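Asks: build me a model from this:
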Amino acid sequence: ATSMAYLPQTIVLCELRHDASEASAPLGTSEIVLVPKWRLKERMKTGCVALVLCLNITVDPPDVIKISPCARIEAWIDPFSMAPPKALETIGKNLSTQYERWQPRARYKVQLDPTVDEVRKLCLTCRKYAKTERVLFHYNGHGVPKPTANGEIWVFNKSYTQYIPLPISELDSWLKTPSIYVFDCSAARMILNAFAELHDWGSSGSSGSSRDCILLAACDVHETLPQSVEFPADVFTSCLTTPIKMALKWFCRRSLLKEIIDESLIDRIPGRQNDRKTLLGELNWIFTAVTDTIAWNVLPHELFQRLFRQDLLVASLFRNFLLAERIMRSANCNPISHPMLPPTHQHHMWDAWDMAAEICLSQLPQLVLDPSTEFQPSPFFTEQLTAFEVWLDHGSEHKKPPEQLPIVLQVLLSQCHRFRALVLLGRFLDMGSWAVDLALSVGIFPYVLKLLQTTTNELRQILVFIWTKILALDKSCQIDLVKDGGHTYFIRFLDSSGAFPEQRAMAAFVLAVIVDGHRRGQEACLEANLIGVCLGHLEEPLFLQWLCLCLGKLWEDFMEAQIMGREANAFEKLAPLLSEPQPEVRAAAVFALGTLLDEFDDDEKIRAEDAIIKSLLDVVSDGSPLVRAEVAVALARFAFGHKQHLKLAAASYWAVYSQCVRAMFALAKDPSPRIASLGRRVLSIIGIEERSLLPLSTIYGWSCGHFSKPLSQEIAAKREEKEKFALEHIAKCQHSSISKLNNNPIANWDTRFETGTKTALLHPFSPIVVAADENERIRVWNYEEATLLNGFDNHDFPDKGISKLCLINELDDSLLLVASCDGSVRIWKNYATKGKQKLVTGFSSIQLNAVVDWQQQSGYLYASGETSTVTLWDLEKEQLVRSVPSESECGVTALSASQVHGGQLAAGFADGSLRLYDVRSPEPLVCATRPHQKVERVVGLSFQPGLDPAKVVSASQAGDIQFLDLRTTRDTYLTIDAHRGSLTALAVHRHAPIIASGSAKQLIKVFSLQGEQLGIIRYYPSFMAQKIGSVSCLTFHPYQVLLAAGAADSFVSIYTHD
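Replies: Residues are numbered from 1 along each chain as shown. Here you go:
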C-alpha cells in the first residue's frame, strides 16, 4: 500500500569497504604477507647407473633352492638357453634396456659376476662421472649366498672358486650423499639394517635416518625369493623396471587363472609406452595415475614430495615399488625401502587398477588378431573425475583432501578430458587458500603454466580463474610467469576476442600481481603495450577498479612507464574516474594518478605533475575515507618531490602549493583517525611535526581480498519482524487518541554528565536511549533494564561540540550517526555493545553551528549551518552530490528532511525565516515564508506526521510554535504560545499527533497537534544554581507515545501518556 513510503528498502554503508569484526582490512592496514610450503627448488637427476649381476649360471648357491620346477627367468630371458657367457651378456643388455626407458638420458654401466676390486672401480668412476648428481647401484644376488647379519654382500673372485665377502661399509664409502640402491637378493633387510648402523643416530627427527642415501629391498631377513615358475627369479627387478608387463602376467596367473588369455599377448601389447592414445600407453598412463594417487593419499607432504617429485627415476622406482609391495606379498615376501613408507597394498585404488587391467586384457584378444585400432579408451579418467565431482558437490568442506587431486593432474593435457578437469580444478581452488596450497603441492603449477600457450579459446577463460586463485595465494608466481612469457597471455585476454568484463577484471588483477614490485615484470608488461590496452578500456566498477590498480603498479616508482603514461595522456583518461559513484573506483584511480608522480620551468612532466595534483586536490574533500587515505598518499608523494617549495609556501600560510598545504592541515584534522594520522605524516615530510616516512597506500592490498575468497533468510526475516511492528505502531500512533501526560516518569537516569545532556535519541525497536554530552561523549542506556550498555568518546580532538544524533538503517542493524558543531559526521556500528564500537565512516560535511538531518528514503544527508549553502551527501556513493544555495544571508539554525518524500527538505533560519527545498529539482527553492513575526532564530522544525507536505515546524526562540501547510497558503494554520520567550527545544512525533516544547526557564510543555496542553513537566535544581536553561534534549519515541527529556543538570527522564 501507500504506507510503504514509511518503510524504505534502502540499506547504506554495509559494503566490505567499511567492514567489521575479525578484519580491520578496510583501508588502514596493509595486505597480509604469505608463508607457502610447496617451494622445492632442487630438482635432482640420477646421472650414472651401475648394474651389478651376481648369477653364476647353473652353479646354484648352497643356501636353499631344491625345487625341481625352479624359476630362473631374469630380465625376460632363459639363461640355460644361451650358455654361460652370451646369456649373461643379453641379461645384462636387457636389464639396462629396461632401466633406460625410465631415464633415457643417463649412463649405464654393466658388470658380470665381479671381483671386489671390480665393483671398487665402478663406484669410484660413478662419483667422478656424477659428483652431485645421483647414482643408482643395482644389485642382483641370485647365484650367490644371501647377505649376513654383519652386513656383508657376497661377490666372486677371479677364478670363480670362492664367494668373496664385500661389506656394506666399503660400498657406502665409495657412494656418498646423492645415491640410491636396489637390492634384488634374498635376505635384503640384512643390507638395509647394515646401512642404518653405518651412520650415527641423530641428525634428523625421523624414525632412523640422516643421509640422502635411499634404499629399495626385495624382502625381510628371514624371507627367501620365490622359486615358483609362475614368477621369474627376477620379480623385484621386473616389478620396479617392467611394472605393466609384470602386473598383467601376475593378473593372468593369480586371478583369472591364465588358461583363457594367451600370456604371450602381454609381450605383444599394441602401441608404445608414451602414446596415451594407444593401449600400451594408456595402460601405462593409468598405472602412473593410480600408483601416484596411492603415494599422495598415504604419505605426508614432505616425504611424498621427496620420493615422487624431486627425481624422475626415483619417482618411477618408488611408483613401481608399490607394485612389488603387492605382488611380492603373494610370493611370501615383504619388501622394504629406507624411507620406509607405510602399508600400500590393498588400498582402495588398486581396485580401480584391477578394473582397468581386466577390461584392457579382454580387449587384447581382438587387437592382436588384426590391427583394427578399435581401441576403447578406459573409462578410468572419466569415472574418477565424476568421483572428484561428488567430493566438490556433497561434502564441500575441509574434511580430508579429495583423493582424486593427483588424477585431476594426470588428465590436464589430454584433449578428451582437459576442459572439465580444469573446470573442476577451478571449482576446487575456489573453496579456499587451503585448496590452492594442496593443488600447488601435488604438482599443478607447470601444467597450468604450459596451458597458457593454447590457441584453443575454449580453455582460455577458465585458465584465468585458475591463475586468479593461485596468484591471490602466492604472489611469488610473478617470477615464474614472466620467465616463461605467461605475462603475454593476460594482456592478449584484455584485448579479448571474447567478452564478459568480470573475466577481464580477473586478467587485470593477475597483471597487477605480475607487476607488483617486480621490475623485470614491469619491463615485460611495458614492452607489450599494457598501458595502451588498459587505457583503451578507459574510453563496470570492478573492471575499472582493476584497470586503475594495474596501471598504478606498472608506473609505480618506474620512470620509463611514467614517461609513457604522461605522453599516452594517462591523467586525462583516469581523471573522470575520480567522479564515479563507487569509492573503490575513485580510490584506485587516485592510486594510479599518485604513482605517476616523482623556479619557473616547463618540461612535459611539470604540466602532467601539476594537472595531476590539481585533480587530486578536488578529491581531498571526498566523502569516503577509502578515497581520502589514498589522496593523502598521493599528496605525501608530491610533497616529497616538492619539499623545497612547500616549506616556503607553508611559512606564509603560518597558487597550487598554498592549496596543497591547506589540504594537508585538513587531512590532519580529519574525522576518521586513520586518515588523520596520514595527514600528520604528510605535514612531517614538509617539516611541520624517508620512504619509511612515506605512508603506504592500502587500496591494492585491500582490493586483492575479493580474489582470495570464494567467487540472507535470517536477515530478511528480521526485516519483516521490525516492519510488522512499524506498520502496526504507525496505525496506533495515528488513531488511538492521546490523553494527558503522566507526570510520574519511567527513568530518573543519571547520565553522570557533569555539564548536562545536550541531545538524545530513542531506538524504535528496542528500549534504548542514546544521549550526548556537550563535549560529544556518547552513552547508551537500556531504560527497561536500567543499565549502561556502552560509552564512547566521539573523537579525541580538543575542540568539542555536539549537534545531532540519528540512526541509519533502522529496519536492519542501526548505525549511530553523530554530527558535530563543526559539521563533521561520524557513523558508528555496534554502538550499544559493551565496548565493541567501530567507526564505519567519518567525513566532514560543510567545506559554524552546523546542523544536520538524515533521509533514509533517498540515502541523503543534508548539512548546513552558518553558511550561504546547504550541502547534500549521497551516502550510498559517499559523494557531495550538490551544494544548494540557501538564499537568505543569515544562517540555517534548524533542518528537517521529510521522511516520507525523498529530496524534500525544510530549513529554519537565524532571522525566523522558513524554506522548503526540493533538492532533486533544478531550482531547489520551492518556497520561502516569514511566519512567526519576531526576528529570532527558528530553534526547531519538522514536517507534520502524515503523507502530505504540511508542517508542525517553527518553534521560534520567541516561544511560539507555528503550524502551516504550504500547498494552499503562506500564513499559519494554527498558532500556539508555548513560552514567553526563551524557547530552547521542540520535539515532533513521526506519526502520532503530539508535540513537546522546552523552555530555557526549567520547563517542558506537551501539546496535541490541534493545540491542547496535554502536560507540563517542571525540572528542579538540586543545590542553589538555577541552571535548567539548556532544555536542549527533548525527543519522542518513533513508534510509541513516549518522551525522553533532560536539561543542563544530569538526568534523563522518560515520560508516557498512561
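
Asks: number of nearby residues for residue 811?
Replies: Using other Cβ atoms under 10 Å, residue 811 is surrounded by 20 other residues. Backbone N, C-alpha and C define where each C-beta goes, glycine included.

Asks: what sits against it?
Replies: Residue 811 makes contact with 7, 8, 9, 719, 722, 723, 726, according to Cβ atoms under 8 Å, 6 or more residues apart in numbering.

Asks: tell me where the stretch 651-800 of the chain has strands.
Replies: Here the stretch 651-800 of the chain has its strands, by DSSP state E, counting those that start in this stretch, at 749-750, 757-762, 768-773, 777-782, 787-793.

Asks: now do the fourth one and strand 768-773, the angle between them.
Replies: Going back to what we said before, that points to strand 777-782. Orientation check (axes from the mean of the first three to the mean of the last three Cα atoms, to 10 degrees): strand 777-782 against strand 768-773 gives 160 degrees.

Asks: just the CA coordinates for strand 777-782, please, in PDB.
Replies: Provided in PDB are the C-alpha atoms of strand 777-782 (Å, rounded to 0.1, in the frame of the first residue of the first chain):
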ATOM      1  CA  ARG A 777      30.700  11.900  25.000                       C
ATOM      2  CA  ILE A 778      28.200   9.200  23.900                       C
ATOM      3  CA  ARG A 779      26.300   7.000  26.400                       C
ATOM      4  CA  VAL A 780      23.900   4.200  25.500                       C
ATOM      5  CA  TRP A 781      21.300   3.100  28.200                       C
ATOM      6  CA  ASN A 782      18.700   0.400  28.400                       C
END
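
Asks: can you give me the helices for the stretch 551-700 of the chain?
Replies: 559-567, 570-574, 583-595, 605-619, 625-641, 643-653, 656-668, 673-685, 699-703 (DSSP state H, counting those that start in this stretch).

Asks: of all these, which one is nearest residue 246?
Replies: helix 699-703 (55.5 Å; Cβ to Cβ).

Asks: who touches that closest one?
Replies: With Cβ under 8 Å, 6+ apart, helix 699-703 has contacts from 17, 25-27, 30-31, 512, 516, 545-546, 549, 552-553, 584, 587-588, 590-591, 626, 630.

Asks: again, only using 7 Å
Replies: 25-27, 30-31, 512, 545, 549, 553, 587-588, 591, 630 (Cβ atoms under 7 Å, 6 or more residues apart in numbering).

Asks: taking those, please make a ChimeraX selection of just the buried ones.
Replies: To isolate the buried members of these in ChimeraX, using 16 or more other Cβ atoms under 10 Å:
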select :25,26,27,512,545,549,553,587,588,591,630
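
Asks: closest one to residue 737 out of the contacts of helix 699-703, please.
Replies: Once Cβ to Cβ is applied, the member of those that ends up nearest residue 737 is residue 26, at 49.5 Å.

Asks: how about the nearest residue to that closest one, chain neighbours excluded?
Replies: The shortest distance from residue 26 to any residue other than its chain neighbours is 4.7 Å, reached at residue 19 (Cβ to Cβ, 6 or more residues apart in numbering).

Asks: what of residue 675?
Replies: Residue nearest to residue 675 in three dimensions, not counting chain neighbours: residue 628, with 4.8 Å by Cβ to Cβ, 6+ apart.

Asks: which residues touch the one you found?
Replies: 622, 670, 675.

Asks: the first one and residue 667, how far apart?
Replies: The reference is to residue 622. Distance of residue 622 to residue 667, given as Cβ to Cβ, to the nearest Å: 11 Å.

Asks: so which residue is dead centre in this structure?
Replies: residue 708 (2.5 Å; Cα atoms, centre = their mean).

Asks: on that earlier part again, and the furthest pair within the contacts of helix 699-703?
Replies: Longest span within the contacts of helix 699-703, Cβ to Cβ: 26 and 553, 20.6 Å.

Asks: give me the domain ranges for the protein.
Replies: 46-369, 599-689, 756-843 (automatic domain parsing).

Asks: before we move on, back to that, can you list the strands of the stretch 651-800 of the chain in CSV and add mean neighbour count and distance to residue 413?
Replies: Putting these into CSV (neighbours: other Cβ atoms under 10 Å; distance: least, Cβ to Cβ, whole Å) gives the following:
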stretch, mean neighbour count, distance to residue 413
strand 749-750, 18, 74
strand 757-762, 23, 66
strand 768-773, 24, 63
strand 777-782, 21, 63
strand 787-793, 15, 60
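
Asks: residue 743: which of these is closest?
Replies: Closest of the strands of the stretch 651-800 of the chain to residue 743 is strand 749-750, at 17.0 Å (criterion: Cβ to Cβ).

Asks: just give me the neighbour total for the closest residue to residue 632 other than its chain neighbours.
Replies: Nearest non-adjacent residue to residue 632, counting by Cβ to Cβ, 6+ apart: residue 678, 3.9 Å away. By other Cβ under 10 Å, the residues close to residue 678 number 28.

Asks: ok, longest helix in this protein?
Replies: helix 713-735 (DSSP state H).

Asks: what are the buried residues along that helix?
Replies: 719, 722, 723, 726, 729, 730, 733.

Asks: now these as TSV including distance to residue 90?
Replies: Shown next, in TSV, are the buried residues of helix 713-735 (distance: Cβ to Cβ, whole Å):
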residue	distance to residue 90
719	85
722	90
723	91
726	95
729	100
730	101
733	105
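
Asks: quick one, helices of the stretch 251-400 of the chain?
Replies: For the stretch 251-400 of the chain, the helices defined by DSSP H, counting those that start in this stretch occupy 279-298, 301-305, 312-329, 350-369, 380-393.

Asks: please name the residues that touch residue 741.
Replies: Contacts of residue 741 (Cβ under 7 Å, 6+ apart): 1006, 1014, 1015, 1055, 1057.

Asks: most neighbours among the residues you listed, please name it.
Replies: Neighbour-wise, these (other Cβ under 10 Å) top out at residue 1006, 26 neighbours.

Asks: let me see the contact set for that residue.
Replies: 741, 994, 996, 1014, 1015, 1043.

Asks: now residue 635
Replies: 616, 660, 663, 664, 682.

Asks: not counting sequence-adjacent ones, nearest residue to the third one?
Replies: The shortest distance from residue 663 to any non-neighbouring residue, by Cβ to Cβ, 6+ apart, is to residue 620 (4.5 Å).

Asks: next, count neighbours for the one you found.
Replies: For residue 620, using other Cβ under 10 Å, the count is 22.

Asks: isn't it right up against residue 631?
Replies: Yes: Residue 620 lies in contact with residue 631 (Cβ atoms under 7 Å); the separation is 5.5 Å.

Asks: buried ones in the helix or strand containing residue 543?
Replies: Per DSSP states H and E: residue 543 is located in helix 541-555. By neighbour count, with 16+ other Cβ under 10 Å as the criterion, the buried positions of helix 541-555 are 542-555.

Asks: relative to helix 559-567, how tilted is it?
Replies: 130 degrees.

Asks: compute the inter-axis angle for helix 541-555 and helix 583-595.
Replies: Using the same axes, to 10 degrees: helix 541-555 against helix 583-595 is 10 degrees.

Asks: can you pull out the strands in the stretch 1-150 of the chain?
Replies: Under the criterion DSSP E, counting those that start in this stretch, strands of the stretch 1-150 of the chain are mapped to 46-55, 107-112, 134-143.

Asks: quick one: which of these is nearest residue 488?
Replies: strand 46-55 (35.2 Å).

Asks: in three-state terms, label residue 884 for me.
Replies: Secondary structure, DSSP: H, G, I helix; E, B strand; the rest coil: residue 884 is strand.

Asks: which residue is the nearest non-sequential neighbour of the residue nearest to the centre of the chain?
Replies: Nearest residue to residue 708, sequence neighbours excluded (Cβ to Cβ, 6+ apart): residue 472, at 3.9 Å.
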